[PDB]
């Protein structure tokens, strides 16, 4: 009746300062379908972010993929903000670039 989203942030290639890459925000296991997402650069919304079409996996929970081209820097921090009716406040997960 109401499931909390799992948020995982990662890039397509191991990061290299000054090298173009792709950042991904993968949101899963949530319900209801309605949900809001944004990828942030230094806390400021990133203009162009493609949002894959909503889906649901076998346990019936919804999942979705957001992504955007980007070029990491020693001074820039990236994050993914999610607003869902299952949470009191929006959850923002930062990209941990050294994992």
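Residue numbers count along the first chain shown, from 1.
The question of which stretch, 63-71 or 48-56, has the higher mean Cα B factor is settled in favour of 48-56.
The PDB entry records a higher mean C-alpha B factor for 39-47 than for its counterpart among 23-31 and 39-47. Highest CA B-factor among the listed residues (77, 11, 86, 17): 77. In the deposited entry, the Cα temperature factor of residue 92 sits in the middle third of values across the chain's modelled residues.
In this PDB entry, the Cα temperature factor of residue 6 sits in the middle third of its chain's modelled residues.
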